[PDB]
């Protein structure tokens, strides 16, 4: 089982969600970046694991659930089985990571990707050790009701670039955005 990574898209005001949806209109090519990063493994035969909260699961269009080519794990303390289509359910990120170490998953999983929401990102950021944050900066303010936490730049470094990640500004539906990668160890 490989690395632990978070991936998020965030507005200028640090917003990630509004009323259980995205604060911005759908940006298809930003979704494509997410897809590529979370699905791609260098180890043949393995899949990456995506971990998400329950609201994030239901924010994904049903036609895209489960996220194809990835093992999908939902965090909930109220559900007693995974929501229809999901592969696994855990009560906490620590328990999800424990599960990754158990025989049913330990040989299947390569990378672990935390894909939201707020509370899951916060729990991941408390994990000691190596962590990367793949942050899409949506370069406008959007009304939001759920937010990404602050990135401590005494702990994390903004990488000048990262292999396979475009540096140039992107634009879709008149909204500019860019890809960043932060690393702590």
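Heads up, when I say rigid core I mean the largest set of C-alphas that superpose within 1.5 Å between the two forms. Positions refer to the first chain, counted from 1.
- In 7 other deposited structures of this protein, superposed by the rigid core, the C-alpha atoms of 62-70 lie farther from the shown form than the other of 62-70 and 131-139.
- Stretches 73-81 and 88-96 differ in mean C-alpha B factor, with the higher average recorded for 73-81.
- Between 115-123 and 22-30, it is 22-30 that carries the larger average Cα temperature factor according to the deposited entry.
- Per the deposited coordinates, the residue with the largest Cα temperature factor out of 143, 150, 154, 44 is 143.
- As recorded in the PDB entry, 128 shows the highest C-alpha B-factor of the residues 128, 160, 66, 53.
- Ranked against the other modelled residues of its chain, the C-alpha B-factor of residue 35 as given in the entry falls in the lowest third.
- Per the PDB record, residue ranking by Cα B-factor puts residue 4 in the middle third of the chain.
- The entry lists a Cα temperature factor for residue 164 that places it in the highest third of the chain's modelled residues.
- Split the chain's modelled residues into thirds by C-alpha temperature factor. Residue 134 is in the lowest one.
- When all modelled residues of the chain are sorted by CA temperature factor, residue 174 is found within the highest third.
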